Amino acid sequence: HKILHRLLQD
Amino acid sequence: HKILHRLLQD
Amino acid sequence: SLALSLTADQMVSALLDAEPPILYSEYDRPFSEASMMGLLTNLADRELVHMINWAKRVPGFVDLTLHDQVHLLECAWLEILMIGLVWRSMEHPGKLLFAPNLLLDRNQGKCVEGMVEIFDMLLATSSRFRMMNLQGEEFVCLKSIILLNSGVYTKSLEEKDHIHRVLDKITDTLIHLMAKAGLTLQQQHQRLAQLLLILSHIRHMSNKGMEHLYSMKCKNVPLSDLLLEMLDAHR
Amino acid sequence: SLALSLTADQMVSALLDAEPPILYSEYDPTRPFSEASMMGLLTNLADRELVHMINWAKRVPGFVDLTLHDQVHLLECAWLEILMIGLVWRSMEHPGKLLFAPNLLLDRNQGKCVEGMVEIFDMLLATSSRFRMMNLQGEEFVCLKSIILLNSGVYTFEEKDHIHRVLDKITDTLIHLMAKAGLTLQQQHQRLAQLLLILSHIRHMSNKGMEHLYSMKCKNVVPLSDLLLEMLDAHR
Ligand SMILES: C[C@]12CC[C@H](c3cc(F)c(O)c(F)c3F)C[C@H]1CC[C@@H]2O
Ligand SMILES: C[C@]12CC[C@H](c3cc(F)c(O)c(F)c3F)C[C@H]1CC[C@@H]2O
(Lines give C-alpha, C1' and ligand atoms only; values in the text may rest on other atoms or scores of the structure.)
(Ligands and ions follow the chains in the order given, each with its own letter.)
Protein backbone atom coordinates (compact mmCIF):
# COMPACT_ATOMS: atom_id res chain seq x y z
CA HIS A 1 0.00 0.00 0.00
CA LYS A 2 1.05 3.64 0.57
CA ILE A 3 4.56 4.03 1.97
CA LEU A 4 3.49 7.02 4.07
CA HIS A 5 0.82 4.85 5.68
CA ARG A 6 3.47 2.28 6.66
CA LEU A 7 5.99 4.85 7.91
CA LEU A 8 3.35 6.39 10.16
CA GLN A 9 3.25 3.12 12.12
CA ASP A 10 6.99 2.44 12.50
CA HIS B 1 -0.73 48.74 -23.04
CA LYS B 2 -2.40 45.82 -21.24
CA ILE B 3 -6.17 45.72 -20.81
CA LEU B 4 -5.81 45.72 -17.03
CA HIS B 5 -3.61 48.82 -17.32
CA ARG B 6 -6.34 50.61 -19.27
CA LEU B 7 -9.13 49.59 -16.90
CA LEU B 8 -7.32 50.90 -13.81
CA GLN B 9 -6.82 54.27 -15.51
CA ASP B 10 -10.37 54.37 -16.89
CA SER C 1 -2.89 60.13 3.43
CA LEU C 2 -6.34 58.59 2.83
CA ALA C 3 -6.37 55.09 4.39
CA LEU C 4 -4.49 55.43 7.71
CA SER C 5 -6.69 58.32 8.89
CA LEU C 6 -9.81 56.15 8.81
CA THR C 7 -11.36 54.92 12.05
CA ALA C 8 -12.35 51.27 12.40
CA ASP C 9 -15.99 52.14 11.66
CA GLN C 10 -14.97 54.27 8.68
CA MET C 11 -12.94 51.37 7.30
CA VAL C 12 -15.93 49.02 7.49
CA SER C 13 -18.35 51.53 5.98
CA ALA C 14 -15.89 52.29 3.17
CA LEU C 15 -15.43 48.60 2.32
CA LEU C 16 -19.18 47.96 2.50
CA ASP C 17 -19.93 50.87 0.17
CA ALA C 18 -17.28 49.67 -2.26
CA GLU C 19 -18.84 46.20 -2.64
CA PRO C 20 -19.48 45.15 -6.27
CA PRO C 21 -22.95 44.13 -7.49
CA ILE C 22 -24.08 40.53 -7.88
CA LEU C 23 -24.28 39.89 -11.62
CA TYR C 24 -26.58 37.48 -13.44
CA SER C 25 -25.59 34.70 -15.84
CA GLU C 26 -26.62 34.06 -19.46
CA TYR C 27 -28.14 30.76 -18.33
CA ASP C 28 -31.12 29.21 -20.14
CA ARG C 29 -31.49 24.70 -21.56
CA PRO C 30 -29.49 21.88 -19.92
CA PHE C 31 -25.66 21.82 -19.83
CA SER C 32 -22.71 20.54 -21.81
CA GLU C 33 -18.99 20.87 -21.03
CA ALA C 34 -18.44 23.75 -23.47
CA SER C 35 -21.69 25.39 -22.37
CA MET C 36 -20.81 25.27 -18.67
CA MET C 37 -17.31 26.69 -19.18
CA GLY C 38 -18.99 29.35 -21.31
CA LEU C 39 -21.29 30.55 -18.53
CA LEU C 40 -18.67 30.45 -15.77
CA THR C 41 -15.91 32.25 -17.69
CA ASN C 42 -18.37 34.78 -19.13
CA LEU C 43 -19.50 35.52 -15.58
CA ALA C 44 -15.93 35.80 -14.29
CA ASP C 45 -15.00 38.17 -17.10
CA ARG C 46 -17.82 40.59 -16.30
CA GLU C 47 -17.14 40.36 -12.57
CA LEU C 48 -13.52 41.26 -13.30
CA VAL C 49 -14.49 44.68 -14.65
CA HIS C 50 -16.42 45.39 -11.44
CA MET C 51 -13.58 44.08 -9.26
CA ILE C 52 -11.20 46.66 -10.71
CA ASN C 53 -13.54 49.52 -9.77
CA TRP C 54 -13.87 47.95 -6.33
CA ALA C 55 -10.10 47.67 -5.92
CA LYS C 56 -9.64 51.39 -6.52
CA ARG C 57 -12.09 52.00 -3.67
CA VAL C 58 -10.21 49.77 -1.22
CA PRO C 59 -8.54 52.28 1.15
CA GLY C 60 -4.86 52.75 0.36
CA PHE C 61 -4.97 51.05 -3.04
CA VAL C 62 -4.97 54.22 -5.17
CA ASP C 63 -1.80 55.39 -3.41
CA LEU C 64 0.06 52.64 -5.24
CA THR C 65 1.73 52.96 -8.63
CA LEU C 66 -0.18 51.54 -11.59
CA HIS C 67 2.54 48.88 -11.82
CA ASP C 68 1.92 47.62 -8.30
CA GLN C 69 -1.86 47.85 -8.76
CA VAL C 70 -1.66 45.65 -11.86
CA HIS C 71 0.61 43.12 -10.14
CA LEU C 72 -1.73 42.82 -7.14
CA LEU C 73 -4.87 42.31 -9.23
CA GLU C 74 -3.05 39.88 -11.51
CA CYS C 75 -2.04 37.80 -8.49
CA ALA C 76 -5.27 37.92 -6.51
CA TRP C 77 -8.13 38.15 -9.03
CA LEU C 78 -9.30 34.52 -8.82
CA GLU C 79 -8.94 34.54 -5.02
CA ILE C 80 -11.18 37.59 -4.90
CA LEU C 81 -13.75 35.99 -7.21
CA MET C 82 -13.70 32.72 -5.25
CA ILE C 83 -14.08 34.19 -1.75
CA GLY C 84 -16.98 36.18 -3.19
CA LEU C 85 -18.54 33.00 -4.59
CA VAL C 86 -17.98 31.19 -1.30
CA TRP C 87 -19.60 34.09 0.59
CA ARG C 88 -22.66 34.15 -1.70
CA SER C 89 -23.09 30.40 -1.32
CA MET C 90 -23.07 30.49 2.50
CA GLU C 91 -26.81 30.09 3.00
CA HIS C 92 -27.00 27.41 0.29
CA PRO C 93 -25.44 24.25 1.80
CA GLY C 94 -23.95 21.93 -0.83
CA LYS C 95 -24.47 24.47 -3.60
CA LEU C 96 -22.52 27.26 -5.29
CA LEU C 97 -24.37 30.51 -6.02
CA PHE C 98 -22.45 31.77 -9.04
CA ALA C 99 -25.45 33.97 -9.80
CA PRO C 100 -29.07 34.27 -8.59
CA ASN C 101 -30.10 32.44 -11.77
CA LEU C 102 -27.17 30.02 -11.64
CA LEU C 103 -27.22 27.85 -8.53
CA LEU C 104 -25.04 24.79 -9.06
CA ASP C 105 -24.84 21.77 -6.77
CA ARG C 106 -21.80 19.48 -6.55
CA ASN C 107 -22.88 16.97 -9.23
CA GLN C 108 -23.10 19.71 -11.87
CA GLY C 109 -19.37 20.31 -11.47
CA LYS C 110 -18.94 16.97 -13.23
CA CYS C 111 -20.25 18.55 -16.44
CA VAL C 112 -16.68 19.80 -16.90
CA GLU C 113 -13.67 17.49 -16.56
CA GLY C 114 -11.74 17.98 -13.32
CA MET C 115 -13.94 20.82 -12.09
CA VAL C 116 -15.72 18.85 -9.37
CA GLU C 117 -12.53 18.73 -7.25
CA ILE C 118 -12.62 22.52 -7.31
CA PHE C 119 -16.33 22.71 -6.45
CA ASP C 120 -15.67 20.41 -3.48
CA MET C 121 -13.02 22.81 -2.18
CA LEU C 122 -15.29 25.82 -2.69
CA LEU C 123 -18.18 24.06 -0.96
CA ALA C 124 -16.09 23.00 2.04
CA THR C 125 -14.91 26.59 2.43
CA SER C 126 -18.50 27.84 2.30
CA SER C 127 -19.42 25.24 4.91
CA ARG C 128 -16.55 26.61 7.02
CA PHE C 129 -17.85 30.18 6.70
CA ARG C 130 -21.29 28.93 7.75
CA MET C 131 -19.82 26.97 10.66
CA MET C 132 -18.03 30.12 11.84
CA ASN C 133 -21.10 32.27 11.22
CA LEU C 134 -18.94 34.64 9.16
CA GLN C 135 -20.26 38.21 9.12
CA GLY C 136 -20.45 40.58 6.16
CA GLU C 137 -18.18 43.12 7.84
CA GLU C 138 -15.57 40.39 8.35
CA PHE C 139 -15.94 39.23 4.75
CA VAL C 140 -15.12 42.58 3.15
CA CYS C 141 -12.11 42.86 5.46
CA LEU C 142 -10.80 39.44 4.35
CA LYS C 143 -11.33 40.24 0.67
CA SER C 144 -9.31 43.44 1.00
CA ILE C 145 -6.55 41.54 2.82
CA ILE C 146 -6.38 39.09 -0.10
CA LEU C 147 -5.96 41.96 -2.57
CA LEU C 148 -3.14 43.66 -0.68
CA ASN C 149 -1.37 40.54 0.62
CA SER C 150 -1.35 37.92 -2.13
CA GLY C 151 1.28 39.60 -4.32
CA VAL C 152 2.97 41.97 -1.88
CA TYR C 153 6.41 40.79 -3.07
CA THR C 154 7.87 42.90 -5.88
CA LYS C 155 14.72 47.42 -3.99
CA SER C 156 14.03 51.14 -4.50
CA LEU C 157 11.85 53.52 -2.52
CA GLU C 158 9.21 51.23 -1.05
CA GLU C 159 6.28 51.76 -0.18
CA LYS C 160 5.47 48.05 0.38
CA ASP C 161 5.62 49.03 4.07
CA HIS C 162 2.70 51.39 3.38
CA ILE C 163 0.80 48.33 2.13
CA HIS C 164 1.79 46.62 5.39
CA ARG C 165 0.55 49.66 7.29
CA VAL C 166 -2.80 49.38 5.52
CA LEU C 167 -2.82 45.64 6.22
CA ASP C 168 -2.32 46.31 9.95
CA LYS C 169 -5.27 48.73 9.79
CA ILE C 170 -7.56 46.05 8.39
CA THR C 171 -6.36 43.70 11.14
CA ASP C 172 -7.29 46.32 13.74
CA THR C 173 -10.66 46.64 12.00
CA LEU C 174 -11.37 42.90 12.19
CA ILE C 175 -10.48 42.90 15.89
CA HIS C 176 -12.70 45.97 16.40
CA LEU C 177 -15.64 44.06 14.91
CA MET C 178 -15.02 41.11 17.21
CA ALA C 179 -14.62 43.23 20.35
CA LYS C 180 -17.85 44.93 19.31
CA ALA C 181 -19.51 41.53 18.93
CA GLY C 182 -18.71 40.89 22.60
CA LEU C 183 -15.91 38.37 22.10
CA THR C 184 -13.38 38.04 24.91
CA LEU C 185 -9.76 38.92 24.16
CA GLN C 186 -8.84 35.23 23.81
CA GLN C 187 -11.82 34.62 21.52
CA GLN C 188 -10.78 37.58 19.34
CA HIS C 189 -7.27 36.25 18.71
CA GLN C 190 -8.55 32.75 18.02
CA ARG C 191 -11.22 33.93 15.58
CA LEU C 192 -8.75 36.22 13.79
CA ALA C 193 -6.42 33.24 13.38
CA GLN C 194 -9.26 31.04 12.11
CA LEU C 195 -10.30 33.62 9.51
CA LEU C 196 -6.78 34.14 8.19
CA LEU C 197 -6.04 30.42 7.93
CA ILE C 198 -8.97 30.30 5.50
CA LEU C 199 -6.95 32.58 3.24
CA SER C 200 -4.43 29.75 2.90
CA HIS C 201 -7.15 27.48 1.50
CA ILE C 202 -8.46 30.21 -0.79
CA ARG C 203 -4.95 30.66 -2.21
CA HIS C 204 -4.86 26.89 -2.77
CA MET C 205 -8.20 26.92 -4.61
CA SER C 206 -7.06 29.80 -6.80
CA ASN C 207 -3.85 27.99 -7.76
CA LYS C 208 -5.83 24.87 -8.63
CA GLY C 209 -8.40 26.95 -10.51
CA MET C 210 -5.68 28.72 -12.47
CA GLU C 211 -4.25 25.32 -13.44
CA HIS C 212 -7.68 24.08 -14.50
CA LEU C 213 -8.63 27.27 -16.35
CA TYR C 214 -5.31 27.17 -18.19
CA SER C 215 -5.89 23.50 -19.00
CA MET C 216 -9.23 24.33 -20.61
CA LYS C 217 -7.78 27.35 -22.44
CA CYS C 218 -4.79 25.41 -23.77
CA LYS C 219 -7.14 22.97 -25.51
CA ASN C 220 -9.71 25.30 -27.09
CA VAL C 221 -12.68 24.04 -25.06
CA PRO C 222 -13.10 30.84 -25.99
CA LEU C 223 -12.02 33.32 -23.31
CA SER C 224 -12.06 37.12 -23.39
CA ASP C 225 -8.78 38.93 -24.05
CA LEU C 226 -8.88 40.22 -20.47
CA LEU C 227 -9.10 36.71 -19.02
CA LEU C 228 -6.26 35.46 -21.23
CA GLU C 229 -4.04 38.30 -20.00
CA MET C 230 -4.94 37.60 -16.36
CA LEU C 231 -4.18 33.94 -17.04
CA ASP C 232 -0.88 34.69 -18.79
CA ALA C 233 0.39 36.51 -15.69
CA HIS C 234 0.44 33.26 -13.69
CA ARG C 235 2.66 31.61 -16.30
CA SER D 1 -7.25 15.72 25.64
CA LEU D 2 -3.62 15.76 26.84
CA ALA D 3 -2.70 18.07 23.95
CA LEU D 4 -5.39 20.47 25.17
CA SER D 5 -4.31 20.25 28.82
CA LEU D 6 -0.84 21.59 28.00
CA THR D 7 0.15 25.11 29.00
CA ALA D 8 1.59 27.58 26.52
CA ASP D 9 5.11 26.98 27.82
CA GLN D 10 4.57 23.22 27.62
CA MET D 11 3.27 23.58 24.06
CA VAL D 12 6.45 25.42 23.06
CA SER D 13 8.80 22.99 24.83
CA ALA D 14 7.22 19.98 23.12
CA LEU D 15 7.48 21.58 19.67
CA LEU D 16 11.06 22.82 20.08
CA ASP D 17 12.07 19.37 21.34
CA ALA D 18 10.33 17.65 18.41
CA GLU D 19 12.41 19.57 15.86
CA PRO D 20 13.99 17.43 13.10
CA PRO D 21 17.76 17.69 12.59
CA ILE D 22 19.55 19.58 9.83
CA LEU D 23 20.50 17.05 7.16
CA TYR D 24 23.34 17.15 4.64
CA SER D 25 23.09 16.82 0.87
CA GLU D 26 25.05 14.44 -1.35
CA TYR D 27 26.75 17.45 -2.93
CA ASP D 28 29.95 16.51 -4.74
CA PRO D 29 32.22 19.47 -5.57
CA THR D 30 34.34 17.39 -7.98
CA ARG D 31 31.68 17.69 -10.67
CA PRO D 32 29.77 20.69 -12.12
CA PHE D 33 26.00 21.12 -11.84
CA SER D 34 23.56 19.93 -14.47
CA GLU D 35 19.78 20.33 -14.48
CA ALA D 36 19.42 16.61 -13.79
CA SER D 37 22.11 16.53 -11.09
CA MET D 38 20.78 19.45 -9.05
CA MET D 39 17.25 18.08 -9.28
CA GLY D 40 18.74 14.77 -8.14
CA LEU D 41 20.43 16.54 -5.24
CA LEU D 42 17.40 18.54 -4.08
CA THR D 43 14.95 15.63 -4.29
CA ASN D 44 17.38 13.23 -2.60
CA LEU D 45 17.53 15.71 0.28
CA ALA D 46 13.74 16.17 0.41
CA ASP D 47 13.23 12.41 0.51
CA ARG D 48 15.49 12.01 3.54
CA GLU D 49 13.87 15.02 5.24
CA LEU D 50 10.44 13.41 4.71
CA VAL D 51 11.31 10.47 6.97
CA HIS D 52 12.19 12.85 9.81
CA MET D 53 9.10 14.97 9.16
CA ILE D 54 6.88 11.93 9.64
CA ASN D 55 8.40 11.24 13.05
CA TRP D 56 8.14 14.95 13.83
CA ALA D 57 4.43 15.06 12.97
CA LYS D 58 3.72 12.30 15.48
CA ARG D 59 5.26 14.52 18.16
CA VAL D 60 2.99 17.44 17.26
CA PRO D 61 0.37 17.54 20.06
CA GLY D 62 -2.99 16.18 18.93
CA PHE D 63 -1.70 14.58 15.73
CA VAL D 64 -1.54 11.05 17.16
CA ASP D 65 -5.17 11.44 18.24
CA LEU D 66 -6.18 11.38 14.57
CA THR D 67 -6.90 8.26 12.54
CA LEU D 68 -4.14 6.90 10.32
CA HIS D 69 -6.03 8.07 7.22
CA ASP D 70 -6.30 11.64 8.54
CA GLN D 71 -2.60 11.65 9.39
CA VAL D 72 -1.79 10.50 5.85
CA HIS D 73 -4.03 13.17 4.32
CA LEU D 74 -2.61 16.06 6.38
CA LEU D 75 0.97 15.05 5.62
CA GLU D 76 0.19 14.52 1.93
CA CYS D 77 -1.28 18.02 1.68
CA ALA D 78 1.31 19.94 3.69
CA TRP D 79 4.66 18.15 3.18
CA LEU D 80 6.19 20.59 0.69
CA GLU D 81 4.91 23.55 2.74
CA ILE D 82 6.57 22.12 5.85
CA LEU D 83 9.84 21.59 3.98
CA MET D 84 9.75 25.10 2.53
CA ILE D 85 9.03 26.93 5.79
CA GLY D 86 11.91 24.99 7.32
CA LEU D 87 14.17 25.94 4.42
CA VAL D 88 13.13 29.58 4.59
CA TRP D 89 13.68 29.57 8.37
CA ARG D 90 17.24 28.21 8.29
CA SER D 91 18.05 30.53 5.37
CA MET D 92 17.19 33.59 7.51
CA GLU D 93 20.75 34.56 8.41
CA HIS D 94 21.95 33.94 4.86
CA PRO D 95 20.64 36.90 2.80
CA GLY D 96 20.30 36.18 -0.91
CA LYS D 97 20.87 32.46 -0.31
CA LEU D 98 18.87 29.30 0.41
CA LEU D 99 20.42 26.93 2.95
CA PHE D 100 19.07 23.58 1.75
CA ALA D 101 21.87 21.96 3.72
CA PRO D 102 25.09 23.07 5.44
CA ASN D 103 26.96 21.82 2.36
CA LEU D 104 24.35 23.15 -0.07
CA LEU D 105 23.97 26.94 0.03
CA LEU D 106 22.47 28.23 -3.22
CA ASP D 107 21.78 31.70 -4.65
CA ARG D 108 19.33 32.50 -7.45
CA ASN D 109 22.02 32.22 -10.14
CA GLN D 110 22.50 28.56 -9.23
CA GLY D 111 18.74 28.13 -9.49
CA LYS D 112 18.90 28.95 -13.19
CA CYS D 113 20.50 25.57 -13.94
CA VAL D 114 17.07 23.95 -13.63
CA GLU D 115 14.50 25.47 -15.97
CA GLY D 116 11.61 27.18 -14.20
CA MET D 117 13.23 26.82 -10.78
CA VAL D 118 14.70 30.32 -10.35
CA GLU D 119 11.15 31.69 -10.03
CA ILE D 120 10.63 29.33 -7.11
CA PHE D 121 13.98 30.30 -5.56
CA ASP D 122 13.00 33.97 -5.86
CA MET D 123 9.77 33.39 -3.92
CA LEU D 124 11.54 31.36 -1.22
CA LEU D 125 14.18 34.08 -0.95
CA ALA D 126 11.53 36.79 -0.62
CA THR D 127 9.80 34.88 2.19
CA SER D 128 13.13 34.39 3.96
CA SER D 129 13.79 38.12 3.72
CA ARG D 130 10.32 38.69 5.18
CA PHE D 131 11.01 36.43 8.17
CA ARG D 132 14.27 38.32 8.64
CA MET D 133 12.52 41.69 8.42
CA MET D 134 9.99 40.54 11.03
CA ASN D 135 12.79 39.04 13.14
CA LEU D 136 10.88 35.75 13.39
CA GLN D 137 11.73 33.79 16.54
CA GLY D 138 12.23 30.03 16.79
CA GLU D 139 9.28 29.58 19.13
CA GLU D 140 7.11 31.35 16.55
CA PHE D 141 8.55 29.23 13.74
CA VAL D 142 7.68 25.87 15.30
CA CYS D 143 4.16 27.13 16.01
CA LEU D 144 3.67 28.16 12.38
CA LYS D 145 5.08 24.88 11.06
CA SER D 146 2.62 22.96 13.24
CA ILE D 147 -0.28 25.15 12.12
CA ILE D 148 0.53 24.29 8.50
CA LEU D 149 0.44 20.56 9.29
CA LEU D 150 -2.98 20.67 10.94
CA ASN D 151 -4.62 23.33 8.76
CA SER D 152 -3.55 22.78 5.15
CA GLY D 153 -5.63 19.65 4.58
CA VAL D 154 -8.27 20.11 7.28
CA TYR D 155 -10.91 21.39 4.83
CA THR D 156 -10.42 18.61 2.30
CA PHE D 157 -12.04 16.35 4.91
CA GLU D 158 -16.25 15.51 15.30
CA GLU D 159 -12.48 15.06 15.23
CA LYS D 160 -12.29 17.87 12.68
CA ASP D 161 -13.46 19.86 15.68
CA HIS D 162 -10.57 18.37 17.66
CA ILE D 163 -8.08 19.78 15.16
CA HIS D 164 -9.53 23.28 15.47
CA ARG D 165 -9.25 23.08 19.26
CA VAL D 166 -5.56 22.25 18.83
CA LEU D 167 -5.18 25.04 16.26
CA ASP D 168 -6.85 27.47 18.67
CA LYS D 169 -4.42 26.35 21.34
CA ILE D 170 -1.43 27.13 19.12
CA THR D 171 -2.98 30.56 18.60
CA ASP D 172 -3.12 31.00 22.38
CA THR D 173 0.53 29.92 22.41
CA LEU D 174 1.59 32.41 19.74
CA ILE D 175 -0.08 35.30 21.57
CA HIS D 176 1.47 34.10 24.83
CA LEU D 177 4.92 34.30 23.24
CA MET D 178 4.31 37.80 21.89
CA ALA D 179 3.03 39.08 25.24
CA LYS D 180 6.08 37.66 27.02
CA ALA D 181 8.35 39.31 24.45
CA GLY D 182 6.93 42.66 25.57
CA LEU D 183 4.65 43.40 22.62
CA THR D 184 1.64 45.61 23.32
CA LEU D 185 -1.86 44.17 22.97
CA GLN D 186 -2.33 45.82 19.58
CA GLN D 187 1.08 44.65 18.35
CA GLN D 188 0.12 41.12 19.41
CA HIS D 189 -2.82 40.74 17.03
CA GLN D 190 -1.04 42.71 14.30
CA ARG D 191 1.97 40.38 14.40
CA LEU D 192 -0.30 37.33 14.65
CA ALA D 193 -1.96 38.45 11.42
CA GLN D 194 1.38 39.18 9.72
CA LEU D 195 2.71 35.73 10.60
CA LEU D 196 -0.42 33.90 9.45
CA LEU D 197 -0.64 35.81 6.17
CA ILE D 198 2.81 34.38 5.35
CA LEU D 199 1.27 30.91 5.34
CA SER D 200 -0.78 31.94 2.28
CA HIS D 201 2.48 32.70 0.48
CA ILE D 202 3.95 29.39 1.65
CA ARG D 203 0.87 27.62 0.30
CA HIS D 204 1.42 29.41 -3.01
CA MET D 205 5.10 28.38 -3.16
CA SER D 206 4.19 24.76 -2.43
CA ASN D 207 1.64 24.75 -5.27
CA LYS D 208 4.14 26.19 -7.73
CA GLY D 209 6.82 23.84 -6.43
CA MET D 210 4.49 20.87 -6.71
CA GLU D 211 3.68 21.40 -10.39
CA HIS D 212 7.32 22.19 -11.19
CA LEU D 213 8.39 18.93 -9.54
CA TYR D 214 5.65 17.13 -11.47
CA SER D 215 6.96 18.74 -14.66
CA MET D 216 10.48 17.43 -14.05
CA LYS D 217 9.20 13.95 -13.26
CA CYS D 218 7.15 13.74 -16.46
CA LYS D 219 10.17 14.79 -18.51
CA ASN D 220 12.22 11.99 -16.95
CA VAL D 221 14.67 14.64 -15.74
CA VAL D 222 15.03 13.09 -12.30
CA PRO D 223 14.13 9.71 -10.79
CA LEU D 224 11.90 10.28 -7.77
CA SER D 225 11.77 7.87 -4.82
CA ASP D 226 8.62 5.78 -4.40
CA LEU D 227 7.70 7.91 -1.38
CA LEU D 228 8.06 11.18 -3.31
CA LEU D 229 6.12 9.73 -6.25
CA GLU D 230 3.34 8.87 -3.83
CA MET D 231 3.43 12.29 -2.14
CA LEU D 232 3.40 13.93 -5.56
CA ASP D 233 0.57 11.73 -6.85
CA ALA D 234 -1.62 12.92 -3.97
CA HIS D 235 -1.93 16.39 -5.50
CA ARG D 236 -3.33 15.10 -8.79
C1 LIG E 1 -14.00 28.12 -15.19
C2 LIG E 1 -13.75 28.05 -13.67
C3 LIG E 1 -15.13 28.14 -12.98
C4 LIG E 1 -15.12 28.68 -11.54
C5 LIG E 1 -14.37 30.02 -11.36
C6 LIG E 1 -15.26 31.18 -10.91
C7 LIG E 1 -16.06 31.87 -11.75
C8 LIG E 1 -16.82 32.89 -11.34
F9 LIG E 1 -17.59 33.53 -12.20
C10 LIG E 1 -16.81 33.27 -10.04
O11 LIG E 1 -17.57 34.30 -9.59
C12 LIG E 1 -16.01 32.59 -9.20
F13 LIG E 1 -15.98 32.95 -7.93
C14 LIG E 1 -15.25 31.57 -9.62
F15 LIG E 1 -14.48 30.94 -8.74
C16 LIG E 1 -13.45 30.35 -12.54
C17 LIG E 1 -12.78 29.19 -13.28
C18 LIG E 1 -11.68 28.57 -12.39
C19 LIG E 1 -11.62 27.08 -12.77
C20 LIG E 1 -12.99 26.75 -13.36
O21 LIG E 1 -12.85 25.96 -14.51
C1 LIG F 1 13.03 19.96 -6.63
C2 LIG F 1 12.34 21.20 -6.03
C3 LIG F 1 13.46 21.99 -5.32
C4 LIG F 1 13.12 22.67 -3.99
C5 LIG F 1 12.21 21.89 -3.02
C6 LIG F 1 12.82 21.65 -1.64
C7 LIG F 1 13.68 20.64 -1.38
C8 LIG F 1 14.19 20.44 -0.16
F9 LIG F 1 15.04 19.44 0.04
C10 LIG F 1 13.86 21.26 0.86
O11 LIG F 1 14.36 21.08 2.11
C12 LIG F 1 13.00 22.26 0.61
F13 LIG F 1 12.66 23.07 1.61
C14 LIG F 1 12.49 22.45 -0.62
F15 LIG F 1 11.65 23.45 -0.80
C16 LIG F 1 11.58 20.64 -3.64
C17 LIG F 1 11.19 20.70 -5.13
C18 LIG F 1 10.00 21.67 -5.33
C19 LIG F 1 10.19 22.30 -6.72
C20 LIG F 1 11.62 21.99 -7.15
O21 LIG F 1 11.64 21.29 -8.37
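A note on names: the letters A, B, ... follow the listed sequences, proteins ahead of strands, and every chain is numbered from 1. Below, each value reflects all heavy atoms present in this structure, side chains not excepted, and no hydrogens, waters or symmetry copies.
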Residue among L196(D), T156(D), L197(D) with most heavy-atom pairs under 4.5 Å to chain C: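 So the answer, after comparing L196(D), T156(D), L197(D), is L197(D).
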
Let me know if [X] has heavy atoms under 4.5 Å from chain D in its side chain, its backbone, both or neither.
X: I145(C); answer: side chain
X: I202(C); answer: neither
X: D168(C); answer: both
X: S206(C); answer: neither
X: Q188(C); answer: neither
X: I175(C); answer: side chain

NZ/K180(C): more than 12 non-hydrogen atoms of other groups inside 6.0 Å: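 Atom NZ in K180(C) is not packed in, count stays at 12 or less.
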
Heavy atoms of other groups near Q186(D) CD, more than 12 under 6.0 Å: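 Atom CD in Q186(D) is not crowded, with 12 or fewer foreign heavy atoms closer than 6.0 Å.
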
Identify which of [options] forms the greatest number of heavy-atom pairs closer than 4.5 Å to chain D.
options: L185(C), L174(C), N149(C); value: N149(C)
options: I146(C), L195(C), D172(C), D120(C); value: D172(C)
options: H189(C), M121(C), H201(C); value: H201(C)

Distance-only polar pair, side chains of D9(D) and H176(D), donor-acceptor under 3.5 Å: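 There is such a pair between these side chains.
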
Row check, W56(D) ring normal vs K145(D) NZ/CZ: under 6.0 Å, within 45°: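 Yes, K145(D) and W56(D) form such a contact.
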
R128(C) to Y155(D), cation-pi by 6.0 Å centre distance and 45° axis angle: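 No.
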
Contact class of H164(D) relative to chain C, heavy atoms under 4.5 angstrom: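 It is the side chain, since no backbone atom gets that close.
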
Under 4.5 Å from a heavy atom of chain C, the part of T171(D) involved: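 Looking at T171(D), just its side chain touches chain C.
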
Heavy-atom donor-acceptor pair, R203(C) side chain to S200(D) backbone, under 3.5 Å: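 Checked: pair present.
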
Within-4.5 Å side-chain heavy-atom neighbours: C75(C) and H71(C):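 Contact flag for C75(C)/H71(C) side chains = yes.
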
Results of side chain to side chain donor-acceptor pair (under 3.5 Å) for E113(C) - residues two or more places apart only: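 So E113(C) forms no side chain to side chain donor-acceptor pair (under 3.5 Å) with any residue.
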
